[PDB]
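Visitor: One file: my_file18.tsv (TSV, C-alpha atoms and all ligand atoms).
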```
chain	number	residue	atom	x	y	z
A	3	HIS	CA	-7.82	-106.54	97.45
A	4	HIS	CA	-10.38	-104.42	95.48
A	5	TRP	CA	-11.69	-101.27	97.12
A	6	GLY	CA	-15.07	-101.01	98.74
A	7	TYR	CA	-16.60	-99.68	101.93
A	8	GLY	CA	-15.76	-102.46	104.36
A	9	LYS	CA	-13.34	-102.55	107.29
A	10	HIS	CA	-10.58	-104.10	105.22
A	11	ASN	CA	-10.96	-102.17	101.94
A	12	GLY	CA	-12.69	-98.98	103.02
A	13	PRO	CA	-11.91	-95.34	102.42
A	14	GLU	CA	-9.04	-95.36	104.93
A	15	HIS	CA	-7.22	-97.88	102.77
A	16	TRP	CA	-7.72	-96.33	99.32
A	17	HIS	CA	-4.51	-94.31	99.40
A	18	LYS	CA	-2.42	-97.55	99.06
A	19	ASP	CA	-3.74	-98.12	95.49
A	20	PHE	CA	-4.74	-94.47	94.70
A	21	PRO	CA	-2.18	-92.12	96.29
A	22	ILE	CA	-4.22	-89.15	95.05
A	23	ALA	CA	-6.53	-90.02	97.92
A	24	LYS	CA	-4.37	-87.71	100.09
A	25	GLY	CA	-4.30	-85.02	97.36
A	26	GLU	CA	-4.89	-81.26	97.72
A	27	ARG	CA	-8.34	-81.18	96.16
A	28	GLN	CA	-10.18	-84.23	97.48
A	29	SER	CA	-13.91	-84.54	98.04
A	30	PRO	CA	-16.29	-84.65	99.79
A	31	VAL	CA	-15.81	-81.80	102.31
A	32	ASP	CA	-17.78	-80.29	105.20
A	33	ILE	CA	-19.51	-77.01	104.11
A	34	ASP	CA	-19.02	-74.45	106.87
A	35	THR	CA	-21.83	-72.01	106.08
A	36	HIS	CA	-20.37	-69.11	108.04
A	37	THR	CA	-17.05	-69.32	106.14
A	38	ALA	CA	-18.43	-69.84	102.61
A	39	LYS	CA	-18.05	-66.55	100.68
A	40	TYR	CA	-21.04	-65.15	98.86
A	41	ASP	CA	-19.85	-64.41	95.29
A	42	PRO	CA	-22.13	-62.02	93.32
A	43	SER	CA	-20.24	-62.82	90.13
A	44	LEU	CA	-21.53	-66.41	90.04
A	45	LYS	CA	-24.41	-66.81	87.55
A	46	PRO	CA	-27.57	-68.84	88.12
A	47	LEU	CA	-27.26	-72.43	87.01
A	48	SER	CA	-28.93	-73.47	83.76
A	49	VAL	CA	-30.25	-77.05	83.86
A	50	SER	CA	-31.69	-78.17	80.47
A	51	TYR	CA	-32.93	-81.72	80.92
A	52	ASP	CA	-36.12	-81.61	78.83
A	53	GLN	CA	-34.49	-83.69	76.07
A	54	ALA	CA	-32.81	-86.20	78.45
A	55	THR	CA	-32.67	-89.83	77.22
A	56	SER	CA	-32.14	-92.44	79.96
A	57	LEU	CA	-31.06	-95.85	78.71
A	58	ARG	CA	-30.27	-98.24	81.51
A	59	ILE	CA	-29.80	-98.78	85.24
A	60	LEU	CA	-26.86	-100.84	86.48
A	61	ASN	CA	-25.62	-102.23	89.82
A	62	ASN	CA	-21.82	-101.74	89.52
A	63	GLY	CA	-21.02	-103.17	92.90
A	64	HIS	CA	-20.61	-99.82	94.67
A	65	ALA	CA	-23.89	-98.06	93.84
A	66	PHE	CA	-26.48	-98.09	91.06
A	67	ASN	CA	-26.07	-95.75	88.09
A	68	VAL	CA	-28.87	-94.58	85.75
A	69	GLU	CA	-27.09	-93.90	82.42
A	70	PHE	CA	-28.05	-91.42	79.73
A	71	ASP	CA	-27.33	-91.07	76.07
A	72	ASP	CA	-24.50	-88.44	75.96
A	73	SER	CA	-23.81	-88.63	72.18
A	74	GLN	CA	-25.38	-85.18	71.72
A	75	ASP	CA	-26.32	-82.12	73.74
A	76	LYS	CA	-29.60	-83.57	75.09
A	77	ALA	CA	-29.30	-83.07	78.90
A	78	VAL	CA	-26.81	-80.28	79.76
A	79	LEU	CA	-25.70	-78.07	82.59
A	80	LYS	CA	-24.17	-74.65	82.05
A	81	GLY	CA	-23.89	-71.31	83.83
A	82	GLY	CA	-23.16	-71.18	87.59
A	83	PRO	CA	-19.36	-71.28	87.89
A	84	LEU	CA	-18.94	-73.21	84.63
A	85	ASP	CA	-17.46	-72.19	81.32
A	86	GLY	CA	-18.88	-74.24	78.43
A	87	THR	CA	-21.42	-76.98	78.28
A	88	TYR	CA	-21.46	-80.11	80.35
A	89	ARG	CA	-23.47	-83.16	79.26
A	90	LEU	CA	-25.18	-85.48	81.72
A	91	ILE	CA	-23.74	-89.00	81.54
A	92	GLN	CA	-25.18	-90.71	84.67
A	93	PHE	CA	-26.64	-90.15	88.16
A	94	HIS	CA	-26.17	-92.32	91.29
A	95	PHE	CA	-26.67	-92.04	95.07
A	96	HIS	CA	-24.71	-92.57	98.29
A	97	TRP	CA	-26.72	-93.72	101.33
A	98	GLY	CA	-26.51	-95.02	104.82
A	99	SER	CA	-27.51	-97.97	106.93
A	100	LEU	CA	-29.49	-95.52	109.14
A	101	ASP	CA	-31.29	-92.27	108.46
A	102	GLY	CA	-28.72	-90.11	110.35
A	103	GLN	CA	-25.92	-90.85	107.86
A	104	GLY	CA	-25.40	-91.49	104.15
A	105	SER	CA	-24.47	-88.11	102.54
A	106	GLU	CA	-20.86	-87.46	101.47
A	107	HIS	CA	-20.91	-83.66	101.85
A	108	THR	CA	-22.03	-82.33	105.23
A	109	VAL	CA	-23.37	-78.88	106.10
A	110	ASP	CA	-22.04	-77.40	109.36
A	111	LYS	CA	-21.26	-81.08	110.11
A	112	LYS	CA	-24.88	-82.20	109.49
A	113	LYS	CA	-25.17	-85.51	107.61
A	114	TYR	CA	-28.26	-86.25	105.46
A	115	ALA	CA	-29.78	-89.69	104.70
A	116	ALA	CA	-28.40	-89.74	101.19
A	117	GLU	CA	-26.81	-87.71	98.46
A	118	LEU	CA	-27.62	-87.75	94.75
A	119	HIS	CA	-24.85	-87.06	92.20
A	120	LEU	CA	-25.67	-85.98	88.63
A	121	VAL	CA	-22.41	-86.39	86.74
A	122	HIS	CA	-21.63	-84.22	83.69
A	123	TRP	CA	-18.56	-83.95	81.41
A	124	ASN	CA	-17.14	-80.92	79.60
A	125	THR	CA	-17.98	-81.16	75.91
A	127	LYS	CA	-14.78	-79.38	74.85
A	128	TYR	CA	-13.00	-82.65	75.72
A	129	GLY	CA	-15.03	-84.83	73.33
A	130	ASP	CA	-15.60	-87.85	75.58
A	131	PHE	CA	-15.85	-88.76	79.29
A	132	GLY	CA	-12.50	-90.55	79.38
A	133	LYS	CA	-10.65	-87.43	78.13
A	134	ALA	CA	-12.64	-85.13	80.44
A	135	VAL	CA	-11.45	-86.94	83.64
A	136	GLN	CA	-7.83	-86.05	82.81
A	137	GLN	CA	-8.55	-82.27	83.02
A	138	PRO	CA	-8.95	-79.93	85.97
A	139	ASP	CA	-12.30	-78.58	84.65
A	140	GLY	CA	-13.39	-81.88	82.99
A	141	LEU	CA	-16.45	-82.68	85.11
A	142	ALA	CA	-19.28	-80.88	86.88
A	143	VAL	CA	-21.20	-82.85	89.55
A	144	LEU	CA	-24.53	-81.52	90.90
A	145	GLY	CA	-24.98	-82.90	94.46
A	146	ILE	CA	-28.46	-82.91	96.11
A	147	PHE	CA	-29.09	-84.01	99.68
A	148	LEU	CA	-32.01	-86.28	100.59
A	149	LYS	CA	-33.74	-86.03	103.97
A	150	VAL	CA	-36.47	-88.53	105.10
A	151	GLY	CA	-39.94	-87.06	105.29
A	152	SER	CA	-42.49	-87.07	102.43
A	153	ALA	CA	-42.18	-89.44	99.44
A	154	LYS	CA	-40.70	-88.02	96.26
A	155	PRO	CA	-43.04	-89.03	93.43
A	156	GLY	CA	-40.37	-88.68	90.74
A	157	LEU	CA	-38.04	-91.14	92.48
A	158	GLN	CA	-40.60	-94.01	92.53
A	159	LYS	CA	-39.77	-95.38	89.07
A	160	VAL	CA	-36.17	-95.83	90.28
A	161	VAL	CA	-37.20	-97.49	93.54
A	162	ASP	CA	-39.41	-99.94	91.68
A	163	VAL	CA	-36.71	-101.38	89.35
A	164	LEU	CA	-34.15	-102.03	92.11
A	165	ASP	CA	-35.39	-105.61	92.63
A	166	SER	CA	-34.21	-106.39	89.11
A	167	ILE	CA	-30.58	-105.20	89.60
A	168	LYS	CA	-30.11	-106.56	93.08
A	169	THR	CA	-26.54	-107.85	92.64
A	170	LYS	CA	-23.32	-106.58	91.16
A	171	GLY	CA	-23.21	-106.67	87.37
A	172	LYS	CA	-27.00	-106.75	86.81
A	173	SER	CA	-28.55	-104.16	84.51
A	174	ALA	CA	-32.06	-103.28	83.30
A	175	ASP	CA	-33.43	-101.18	80.42
A	176	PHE	CA	-34.51	-97.86	81.95
A	177	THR	CA	-35.88	-95.54	79.24
A	178	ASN	CA	-37.98	-92.44	79.49
A	179	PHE	CA	-36.97	-91.42	83.07
A	180	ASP	CA	-37.00	-87.59	83.49
A	181	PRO	CA	-34.37	-86.37	85.97
A	182	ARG	CA	-36.29	-83.13	86.40
A	183	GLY	CA	-38.44	-84.98	88.96
A	184	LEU	CA	-35.35	-85.10	91.28
A	185	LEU	CA	-34.66	-81.33	91.57
A	186	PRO	CA	-35.50	-79.18	94.56
A	187	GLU	CA	-37.50	-75.99	93.98
A	188	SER	CA	-34.47	-73.68	94.49
A	189	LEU	CA	-31.19	-73.83	92.57
A	190	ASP	CA	-29.18	-71.86	95.16
A	191	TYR	CA	-25.79	-73.60	95.64
A	192	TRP	CA	-22.28	-73.78	97.05
A	193	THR	CA	-19.33	-74.51	94.72
A	194	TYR	CA	-15.71	-75.59	95.16
A	195	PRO	CA	-13.06	-77.42	93.12
A	196	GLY	CA	-12.76	-81.12	94.12
A	197	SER	CA	-12.55	-84.73	92.91
A	198	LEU	CA	-14.54	-87.90	92.25
A	199	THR	CA	-15.46	-89.54	95.57
A	200	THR	CA	-14.62	-93.14	94.55
A	201	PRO	CA	-11.40	-94.50	93.03
A	202	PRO	CA	-9.76	-93.29	90.84
A	203	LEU	CA	-10.41	-90.13	92.91
A	204	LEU	CA	-9.29	-87.84	90.05
A	205	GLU	CA	-9.32	-84.11	90.84
A	206	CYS	CA	-11.28	-83.10	87.78
A	207	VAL	CA	-14.56	-81.91	89.36
A	208	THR	CA	-16.24	-78.59	89.86
A	209	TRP	CA	-18.78	-79.47	92.58
A	210	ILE	CA	-22.19	-77.76	92.59
A	211	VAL	CA	-23.96	-78.62	95.84
A	212	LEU	CA	-27.58	-77.46	96.22
A	213	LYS	CA	-28.60	-75.81	99.44
A	214	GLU	CA	-32.14	-77.23	99.43
A	215	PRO	CA	-32.54	-80.97	100.07
A	216	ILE	CA	-35.34	-83.07	98.52
A	217	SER	CA	-37.48	-85.29	100.77
A	218	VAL	CA	-37.89	-89.03	100.29
A	219	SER	CA	-39.97	-91.41	102.40
A	220	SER	CA	-38.51	-93.95	104.77
A	221	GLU	CA	-39.92	-96.69	102.55
A	222	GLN	CA	-38.15	-95.27	99.51
A	223	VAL	CA	-34.71	-95.21	101.23
A	224	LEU	CA	-35.48	-98.64	102.69
A	225	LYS	CA	-35.48	-100.14	99.18
A	226	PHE	CA	-32.03	-98.69	98.50
A	227	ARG	CA	-30.67	-100.63	101.46
A	228	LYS	CA	-31.89	-103.93	99.92
A	229	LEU	CA	-29.30	-103.88	97.17
A	230	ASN	CA	-26.17	-105.97	97.36
A	231	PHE	CA	-22.48	-105.21	96.93
A	232	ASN	CA	-21.87	-108.84	95.97
A	233	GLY	CA	-22.51	-110.66	92.73
A	234	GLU	CA	-25.20	-113.30	92.29
A	235	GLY	CA	-24.55	-116.57	94.14
A	236	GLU	CA	-21.96	-114.91	96.45
A	237	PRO	CA	-22.58	-114.39	100.16
A	238	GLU	CA	-24.87	-111.45	100.76
A	239	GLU	CA	-23.45	-108.12	101.81
A	240	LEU	CA	-26.09	-105.33	101.82
A	241	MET	CA	-25.20	-102.18	99.85
A	242	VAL	CA	-25.26	-99.57	102.70
A	243	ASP	CA	-22.91	-96.82	103.85
A	244	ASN	CA	-21.28	-96.40	100.38
A	245	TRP	CA	-20.11	-92.86	101.31
A	246	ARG	CA	-16.63	-91.41	101.79
A	247	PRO	CA	-16.11	-89.25	104.89
A	248	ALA	CA	-15.28	-85.51	104.56
A	249	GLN	CA	-11.69	-84.64	103.49
A	250	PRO	CA	-9.48	-81.69	104.45
A	251	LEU	CA	-10.36	-78.42	102.68
A	252	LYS	CA	-6.69	-77.42	102.44
A	253	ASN	CA	-6.10	-74.40	100.22
A	254	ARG	CA	-9.70	-74.09	98.95
A	255	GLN	CA	-12.56	-71.60	99.29
A	256	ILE	CA	-16.21	-72.61	99.16
A	257	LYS	CA	-18.24	-69.94	97.32
A	258	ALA	CA	-22.02	-69.43	97.80
A	259	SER	CA	-24.41	-68.27	95.04
A	260	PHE	CA	-26.66	-66.75	97.75
A	261	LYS	CA	-26.54	-64.85	100.99
B	1	CO	CO	-21.07	-89.99	93.86
```
How does the structure come out when it is put into structure tokens?
Ligand SMILES: [Co+2]

Guide:
Amino acid sequence: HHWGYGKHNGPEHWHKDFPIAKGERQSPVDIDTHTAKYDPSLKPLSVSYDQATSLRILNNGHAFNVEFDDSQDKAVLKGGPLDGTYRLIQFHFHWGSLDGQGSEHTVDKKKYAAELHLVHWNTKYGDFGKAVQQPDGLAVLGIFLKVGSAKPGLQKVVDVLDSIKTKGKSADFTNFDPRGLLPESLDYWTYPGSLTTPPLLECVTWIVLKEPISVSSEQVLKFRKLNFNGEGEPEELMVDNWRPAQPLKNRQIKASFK
């Protein structure tokens, strides 16, 4: 029926409706650190989020997205392995039912408690919908979350979750600064891949940061209180909304550091 993360509609079934699921450039992948090639030609990333405008937070039934105004070059990513400017459109997380799982990408097979995705689209394509049809249409910054100390900058997000508990609910979410979610270091790995939920389009240049951010147990606990279902439907907690690692196939992971 429609896709999700359960036993009957989970990632192992997606290929029946989205054949690209068994494509040549699917994500996520395991990052083997000893096989990643340091590339001295990669430039440092340039994150300009000082003019970011958040607008709303929404429970879409598979995660929660914070959306931004992308009508102008307000929050952009450039540099790194990218050509051109990429505008931030939304961020969302993937998390687990337990602290030892939740991330999509793994490092030397290590799974983190969660993974944040900042989604950006290539301005040369004019709109998001046109960007997904192109091999270099999106750039996703992935950041791992480990449980330890609370992350002050994530608290405003944690606190509004009660108001978007079920699928289809949304809340005004203005003035949130995504700079409070970045690690100290911008060292990263990069590879060509795809979106990790249907339609699984292979239009993404992934930028995965080496340094995780810490969140407290209580913060991640609130994520696990969300629901997959809509209001008045039987309760199914929103947990484990992560796709397992896919075959690397003909791809090289490059490192911006040694
Ligand atoms: Co994602």

Visitor: Would you pick out the contacts of residue 220 (chain A) at 7 Å or less, using all atoms listed in the file, so that residues sharing its chain but fewer than 3 positions from it are not included, and give the list as a list in words?

Guide: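 The residues satisfying every condition are residues 150, 223 and 224 of chain A.
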
Visitor: Using all atoms listed in the file, which residues sit within 6 Å of region 122-139 of chain A once same-chain residues fewer than 6 positions away are excluded, as JSON, numbers by chain?

Guide: {"A": [87, 88, 89, 90, 91, 206]}

Visitor: Using only C-alpha atoms and all ligand atoms, what are the residues with an atom within 7 Å of ligand CO 1 (chain B), set out as a tab-separated table (two decimals) with C-alpha atoms, keeping the file's coordinate frame?

Guide:
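Writing the result to part11.tsv gives the following:
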```tsv
chain	number	residue	atom	x	y	z
A	94	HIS	CA	-26.17	-92.32	91.29
A	95	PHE	CA	-26.67	-92.04	95.07
A	96	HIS	CA	-24.71	-92.57	98.29
A	118	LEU	CA	-27.62	-87.75	94.75
A	119	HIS	CA	-24.85	-87.06	92.20
A	199	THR	CA	-15.46	-89.54	95.57
```

Visitor: Between CA of residue 152 (chain A) and CA of residue 212 (chain A), measure the distance and give it in Å to one decimal.

Guide: 18.8 Å

Visitor: Determine the nearest neighbour of residue 156 (chain A) from the options A:222, A:74, A:53, A:35, counting only C-alpha atoms.

Guide: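 Of A:222, A:74, A:53, A:35, the one nearest residue 156 (chain A), counting only C-alpha atoms, is A:222.
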
Visitor: Could you tell me how far CA of residue 117 (chain A) sits from CA of residue 146 (chain A), in Å to one decimal place?

Guide: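 Spanning CA of residue 146 (chain A) to CA of residue 117 (chain A) is a straight-line distance of 5.6 Å.
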
Visitor: Residue 230 (chain A): which residues within 7 Å, counting only C-alpha atoms, same-chain residues fewer than 4 positions away excluded, as a PDB file with C-alpha atoms, in the frame of the given file?

Guide:
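And here is the file that came out, selection-v4.pdb:
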```pdb
ATOM      1  CA  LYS A 168     -30.110-106.560  93.080  1.00  0.00           C
ATOM      2  CA  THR A 169     -26.540-107.850  92.640  1.00  0.00           C
ATOM      3  CA  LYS A 170     -23.320-106.580  91.160  1.00  0.00           C
ATOM      4  CA  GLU A 238     -24.870-111.450 100.760  1.00  0.00           C
ATOM      5  CA  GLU A 239     -23.450-108.120 101.810  1.00  0.00           C
ATOM      6  CA  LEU A 240     -26.090-105.330 101.820  1.00  0.00           C
ATOM      7  CA  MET A 241     -25.200-102.180  99.850  1.00  0.00           C
TER       8      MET A 241
END
```

Visitor: So that I can see what lies close to residue 249 (chain A), please list as a PyMOL selection string the residues with an atom at most 7 Å from it, counting only C-alpha atoms and leaving out residues fewer than 5 positions away in the same chain.

Guide: chain A and resi 28-31

Visitor: For residue 214 (chain A), which residue among A:27, A:111, A:228, A:149 is the nearest when counting only C-alpha atoms?

Guide: A:149

Visitor: For residue 148 (chain A), please output as an NGL selection string all residues within 10 Å (counting all atoms listed in the file; exclusion window: fewer than 6 positions along the same chain).

Guide: :A and (95-97 or 101 or 104-105 or 113-118 or 154 or 184 or 186 or 214-219 or 223)

Visitor: When distances are computed from all atoms listed in the file, which of A:25, A:42, A:12, A:98 shows the smallest separation from residue 242 (chain A)?

Guide: A:98

Visitor: To one decimal in Å, tell me the separation between CA of residue 200 (chain A) and CA of residue 39 (chain A).

Guide: 27.5 Å

Visitor: From the options A:72, A:221, A:190, A:85, which residue's atoms come nearest to residue 40 (chain A), counting only C-alpha atoms?

Guide: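 The answer is A:190, which sits nearest to residue 40 (chain A).
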
Visitor: Between A:71, A:110, A:187, A:236, which one has atoms that come closest to residue 34 (chain A), using only C-alpha atoms?

Guide: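 Of A:71, A:110, A:187, A:236, the one nearest residue 34 (chain A) is A:110, counting only C-alpha atoms.
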